[PDB]
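One chain follows as C-alpha cells, the form deposited in one PDB entry.
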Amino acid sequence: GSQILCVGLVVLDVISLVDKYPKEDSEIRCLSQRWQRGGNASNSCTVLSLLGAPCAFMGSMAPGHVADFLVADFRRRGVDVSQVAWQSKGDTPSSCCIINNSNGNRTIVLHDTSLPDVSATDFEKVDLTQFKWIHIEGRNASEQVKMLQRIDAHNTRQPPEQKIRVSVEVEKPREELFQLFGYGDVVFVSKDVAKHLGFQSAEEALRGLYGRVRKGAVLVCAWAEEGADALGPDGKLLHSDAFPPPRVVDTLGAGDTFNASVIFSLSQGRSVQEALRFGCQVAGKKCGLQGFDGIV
C-alpha cells in the first residue's frame, strides 16, 4: 500500500484579488483574477502531491467543461482520479472567492449543485490494497460511517504492519457529523466547530472533546494564528506555535494545507509533535503566497 486517498469535495474556485473587502452596495476593482481547483479533499491532494506523496482523489463530478478543467489540473499534479464517482444529475460545484490582499482574508460564496455525494456503495467498489492512508472530509455522515466500518473490517484481517491508517475531519458545526468523532486514528476538528460547541481555546476544546474519540486516537485542533494543539491516549497536551509569514496575502485552503502536511508527516513515521510542527510550517508558508506553487 503506497498511496494516500482523500475522500471529499472538488470545486472550481473563481478568485478575485482585492486590496480591501467591498462595502455592501459598493463597487471595487480587483487587482487580479484566476481559477483554482478547490474543495477540501481536492486541496489536500495538491499539497500531498507537491510534497512528494503519491495520492488519489475520490469525490463526485459531472462531466462537462468544468470537470475537464479540474481533471486536467489533477493530472498535471499527478493526482490519481481513477476513483472518481462520475455522475449525470447536477453540475460540478463552483464558487466566488474574494481574497483580501491586505490580510489574506477569504470570503467564499459557494454554489452546491445537488450533485449526489459519494455513497457507501461507491466506496465498496474500491481496492483498499493500494492505500497506506485514507482521509475523509466529513460531509454525508450516515453513509461515511459505513465506509469507515469497511476499513476497520479490512484492518482486523491484517498484520499490525499492513493496516490502513484513517484520518477524519469534522469541519462543520453540524450535529449529524459528531458521529464521526468517532472513528479513525487521527481526528481533525476545526476552530469554528470548537467555538460553536462553546469552547474558546484549543486546549479547552481538546479536553472537552477527547471523550468522544476511539480508544487510542489522536485528536487535533488548529487555531489559525495561535498555532495548533493535539492530545492523545497519554493525556499529554501537545502544542506548536504558528509560523506566520511577514505579509499574509491569501489564506484560502490554509487549513487544508495544514491537514495534508500533518498526514504526510505522520504517514512517514514522524511523531505527533513533529507532525504538528510541520503542519504549522507548511500552512504558514502557503499564507504568504497566492495559490499553492511556491511552498516547495
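Just count from 1 along the sequence shown to find any residue number. Heads up, when I say rigid core I mean the largest set of C-alphas that superpose within 1.5 Å between the two forms.
What comes next is about the form deposited in another entry, which is not displayed.
**Student:** With the core superposed, find the residue in 130, 190, 100, 140 that moves its CA 2 Å or more between this form and the one not shown.
**Tutor:** That would be 100.
**Student:** Take the rigid core as the frame of reference and indicate whether the C-alpha of residue 16 shifts by 2 Å or more between this form and the one not shown.
**Tutor:** For residue 16, whose C-alpha is compared between this form and the one not shown after core superposition, the shift is 2 Å or more.
**Student:** With both forms fitted on the core, give yes or no for whether the Cα of residue 27 moves by 2 angstroms or more between this form and the one not shown.
**Tutor:** Passes the 2 Å threshold, so yes.
**Student:** On a rigid core superposition, would residue 153 pass a 2 Å threshold for CA movement between this form and the one not shown?
**Tutor:** No, because once the rigid core is superposed, the C-alpha of residue 153 moves less than 2 Å between this form and the one not shown.
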